[PDB]
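Note: ideal-geometry Cβ built from the backbone for every residue, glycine included; neighbour counts use all protein chains shown. We did not get these values from a lab; they are worked out from the coordinates using the rules stated.
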Amino acid sequence: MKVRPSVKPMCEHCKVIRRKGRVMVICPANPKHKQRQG
Amino acid sequence: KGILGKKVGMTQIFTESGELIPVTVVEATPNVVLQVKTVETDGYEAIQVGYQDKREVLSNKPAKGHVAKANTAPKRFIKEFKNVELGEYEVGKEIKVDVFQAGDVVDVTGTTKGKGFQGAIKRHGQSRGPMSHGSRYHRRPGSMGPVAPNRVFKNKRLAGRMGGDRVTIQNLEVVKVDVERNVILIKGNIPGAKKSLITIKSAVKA
Amino acid sequence: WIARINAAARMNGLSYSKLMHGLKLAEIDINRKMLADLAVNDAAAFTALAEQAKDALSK
Amino acid sequence: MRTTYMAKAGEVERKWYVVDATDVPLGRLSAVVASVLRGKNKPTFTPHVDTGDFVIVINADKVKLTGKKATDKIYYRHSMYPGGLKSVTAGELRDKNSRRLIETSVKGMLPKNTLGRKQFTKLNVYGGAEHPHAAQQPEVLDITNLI
Amino acid sequence: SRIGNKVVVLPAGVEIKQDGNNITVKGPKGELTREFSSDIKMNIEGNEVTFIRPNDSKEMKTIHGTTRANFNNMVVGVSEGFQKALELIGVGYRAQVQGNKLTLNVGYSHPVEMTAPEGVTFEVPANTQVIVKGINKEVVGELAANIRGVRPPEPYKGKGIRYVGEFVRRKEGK
RNA sequence: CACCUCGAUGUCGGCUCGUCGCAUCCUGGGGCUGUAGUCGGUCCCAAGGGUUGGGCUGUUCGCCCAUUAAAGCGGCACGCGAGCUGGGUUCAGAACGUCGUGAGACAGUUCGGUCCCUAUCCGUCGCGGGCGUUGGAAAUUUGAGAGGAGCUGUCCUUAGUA
RNA sequence: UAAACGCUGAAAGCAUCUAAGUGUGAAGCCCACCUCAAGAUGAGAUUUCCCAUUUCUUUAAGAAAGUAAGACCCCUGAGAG
Ligand SMILES: [K+]
Ligand SMILES: [K+]
Ligand SMILES: [K+]
Ligand SMILES: [K+]
Ligand SMILES: [K+]
Ligand SMILES: [K+]
Ligand SMILES: [K+]
Ligand SMILES: [K+]
Ligand SMILES: [K+]
Ligand SMILES: [K+]
Ligand SMILES: [Mg+2]
Ligand SMILES: [Mg+2]
Ligand SMILES: [Mg+2]
Ligand SMILES: [Mg+2]
Ligand SMILES: [Mg+2]
Ligand SMILES: [Mg+2]
Ligand SMILES: [Mg+2]
Ligand SMILES: [Mg+2]
Ligand SMILES: [Mg+2]
Ligand SMILES: [Mg+2]
Ligand SMILES: [Mg+2]
Ligand SMILES: [Mg+2]
Ligand SMILES: [Zn+2]
């Protein structure tokens, strides 16, 4: 999990979502792309 | 399980295998259940237990009336035991040391010996100041706090009356039980001066 | 006086502000001291005043 | 002329009301309750004399907390010992000790003086719909339009 | 393209009992009951059921879809139930069931014993293949997830408990 | 910068006593890994507790020795001198280098050099008396609330197994 | 409960830990353990004891004077100070 202010998709598989009011990026392909805004 | 007794003193016992262990001798003349408290009448469950029969001239009409239900002489000590099975106790019932068996694990409650007015060094185990090198600070309680609050924070520990506190020692071992002499030998040492009241209960942690 | 008048007006189905606006519309000049006195002592008189105030508001 | 009426202690009759808190926002219930306890609803209101009526709040457990107040509104209290701060959420207070929830809300709204504390004593809060004060013959006080 | 609008049929002999809330579904597999929201309207035919929302608001769209999905899950569970298939992989990993107790040996110093609720059952066709079978999809998934979490798969060698067929990325550890 | 203090707000370091913040040193939970395992790296949650004994120097700092799970970083008048010390820095003596024609001085060193106060109030730690608690008494009690405690190593086994 | 991981699930036919619904999850928070604690003026509860006296004022929750149950003064002391 990368916790950073700027969360953006890193590859075509990355999907941007919001959980509990927080922006998050989830990638089924590369777990390195998992990001949370914080 | 629980009982009330008096701290007779300390000695030592040789266990099987010849190990030598210090024991506290606590006498408990059979206690008597003086009153049974219930949710219906008092809102909580407990049994009131009296111990150490008292001379009549030392008792009061209200106290004599209170113990009349149990049909016994006035008792010097009275205490409530909780976490017991009320169904097994009834007013006038006796409790003897045999309630415990050797090797039982118990909690022992007493009132610690009083030391009177004591300084911070003894009372709270604080460090002295240097005794030489020009020091004029030997047995004093340290700084009272920082400047900013313009006050002293609560719990800044200082000199005062030491001892006389209710202390419970946990997980003591019932080394032996002598029903004939109404004695319980408990491994270790327990709070309180000789002839003071002692409360034995089945260890809650167990 | 304003607080007491407000309580009385609420009991008569009105707020203090609406009562005073209605009284001004109806040309009533009775001041707050007299109004508070009526509310505490002459409830019927205060109710009559409130009725005229409400009628003026309706008109 | 100096004729303004001033109420006296004990001459004013204090009635008893029952207020149902079911699905009423905590603050709005408290505001109306505080006015009643102070006596702002009666023309005989006298600031330096207690003249308000008694309040019995029922169904305190069902008081309403809008928004996320159930978990985000925090009640703090300091024991006055260093680092002696304690907190409890409004939702937890409602579940476990709703009387405390309503009482704290109404204490905040009554005056902070001898008269205010005396008036606070006239409040009685009960989670649930039944109260032990039938002997006082309290009467229902609808607040649907008052909130 | 809308789950909430999409109709739900009633196969075999599944039956539905209505109420202000707490819609119940009964059939060969068992019974279920869910407290559906009071905003979505449910129309019932002899074999077809439809759900309607008051408007096209964000909230009504969301709840409409979810309620239809939940109701459909109740129907399908009562009809055929649900099953999660787990394939535990390891040199000496195995499982065995005594009634509603599933005991797992997955390399830990102690065996892991799990208990099913009444609405779910454990098959254990083989000592390495487990199947959680139940009527409630949520419970079925929850139990299967718990079993998998007992020892979730690892990438380097693939050991661990997996959902049968789930992709497990593997790192070429040296 | 010069807004309080020059009809005085005592200055470094140490000692005694701590308390708080978390931007976490250890311990706890977790994600990613260029994570095989043992170790780790990075980031996220976490302030409950713990977080050393010396050599040198007035020292803080720092280096070194030897340990530890760890040897955290900061604030509180760089916390704490009506609580202590007074080694350093600012008095009067003396001397060296240096500057000055000089008295003297530091762009520097060196040896020696007075640390007062009976606690009124609040605050803090203990202990009493009065009255209240709605008849007067003797005991036993519930717990609103509050404080305390909260750390951790190594070895054996599981297993020389994964 | 935190971070984190979910299950079911639409908005958004898919996907999705979240919106509704449901769960795991820390030496941390609330309990659990120890102690203080009804001046908790919101002054709580239980058991036991005493008994409705006398005199005068006044309808007074009046006043004073003997007492009961009980407590204390005083005296011998310590396990207390
Ligand atoms: K100055
Ligand atoms: K890590
Ligand atoms: K900490
Ligand atoms: K040194
Ligand atoms: K030195
Ligand atoms: K500090
Ligand atoms: K000094
Ligand atoms: K000072
Ligand atoms: K003062
Ligand atoms: K009391
Ligand atoms: Mg970037
Ligand atoms: Mg020392
Ligand atoms: Mg202040
Ligand atoms: Mg200027
Ligand atoms: Mg001055
Ligand atoms: Mg942090
Ligand atoms: Mg030496
Ligand atoms: Mg300082
Ligand atoms: Mg000072
Ligand atoms: Mg010269
Ligand atoms: Mg210089
Ligand atoms: Mg000398
Ligand atoms: Zn990606």
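Averaged over peptide D:78-86, the number of partner chain Cβ atoms lying within 10 Å of each residue's Cβ comes to 2.
Counting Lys and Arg as +1 and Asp and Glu as -1 over every other residue whose Cβ lies under 9 Å from the Cβ of E:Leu10, the net charge comes to -3.
Taking a quarter of the surface of the Cα convex hull of the protein assembly as shown, what do you get in nm²?
Reported value for the Cα convex hull: 57.5 nm².
Over chain B, Cα pairs under 8 Å with separation of 6+ residues give a relative contact order of 30 percent.
Given a cut-off of under 8 Å on Cα pairs at least six residues apart, what relative contact order in percent is computed for region B:114-206?
25 percent
Pairwise Cα distances in chain B exceed 20 Å for 67 percent of all pairs. Taking the convex hull of the alpha carbon positions in chain E and averaging its projected area over all directions gives 13.2 nm².
Taking Cβ atoms as reference points and 9 Å as the exclusive limit, the residues near B:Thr199 contribute a net charge of +1, counting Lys and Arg as +1 and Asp and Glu as -1. For region B:100-206, the average shadow cast by the Cα convex hull is 10.7 nm², which is a quarter of the hull's surface. Quick check: the angle from helix E:58-79's long axis to the longest principal axis of chain E, C-alpha only, nearest 10 degrees? Once rounded, one gets 70 degrees. Two numbers describe the Cα atoms of region B:1-123: Rg and Dmax, which are 18.1, 54 Å. Taking only the Cα atoms of region B:39-102, the radius of gyration and Dmax are 13.2, 40 Å.
Counting only other chains, and only Cβ atoms inside 10 Å, what mean value do you get across the residues of D:31-43?
Partner Cβ neighbours, averaged per residue: 3.
Going from the fewest other Cβ atoms within 10 Å to the most, the residues D:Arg117, B:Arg136, D:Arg14 appear in the order B:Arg136, D:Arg117, D:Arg14. Relative to the longest principal axis of the Cα atoms of chain C, helix C:2-11 runs at roughly 70 degrees.
Note on chain D: Cα-Cα pairs beyond 20 Å make up 52% of the total pair count.
Looking at this model, which pairs from B:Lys54/B:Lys122; B:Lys75/B:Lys205; B:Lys54/B:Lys154; B:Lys82/B:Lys156 are more than 32 angstrom apart at the alpha-carbon?
B:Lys54/B:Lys122; B:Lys54/B:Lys154; B:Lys82/B:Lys156
Can you tell which of B:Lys154, B:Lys69, B:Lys113 shows the greatest fluctuation in a Gaussian network model of chain B with Cα springs below 10 Å? In the Gaussian network model the winner is B:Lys154.
Taking amide H as placed 1.01 Å from N in the peptide plane, E:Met114 has its amide H under 5 Å from the amide H of E:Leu102, E:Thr103, E:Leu104, each at least 5 places away in sequence or on another chain.
For the residue pairs B:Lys64/B:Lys93; E:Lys61/E:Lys133; B:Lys115/B:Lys194, alpha carbon separations beyond 20 Å are given by E:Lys61/E:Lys133.
With neighbours defined as other Cβ atoms within 10 Å of a residue's Cβ, the residues E:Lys61, B:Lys194 order from fewest to most as B:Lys194, E:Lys61. The long axis of helix C:43-58 is offset from the longest Cα principal axis of chain C by roughly 20 degrees.
Neighbour counts of C-beta atoms inside 10 Å place E:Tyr108, D:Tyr5, D:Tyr17 in the sequence E:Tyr108, D:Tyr5, D:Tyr17, starting with the fewest. In the protein assembly as shown, a dipole from Cβ-located charges (positive for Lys and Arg, negative for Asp and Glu) runs towards its positive end, and of C:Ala7, A:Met10, C:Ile28 it is A:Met10 whose Cα lies farthest in that direction. With the highest mean first, a sort of the peptides B:162-173, B:89-100 on other beta-carbon atoms found within 10 angstrom per residue produces B:89-100, B:162-173.
Starting from the Kirkwood radius over alpha-carbon pairs of chain C, derive D by Stokes-Einstein at 37 °C in a medium of 0.692 mPa s and give it in µm² s⁻¹.
It comes out at roughly 304 µm²/s.
Mean per-residue shielding of peptide C:3-10 is 5, counting Cβ atoms of other chains within 10 Å of each Cβ.
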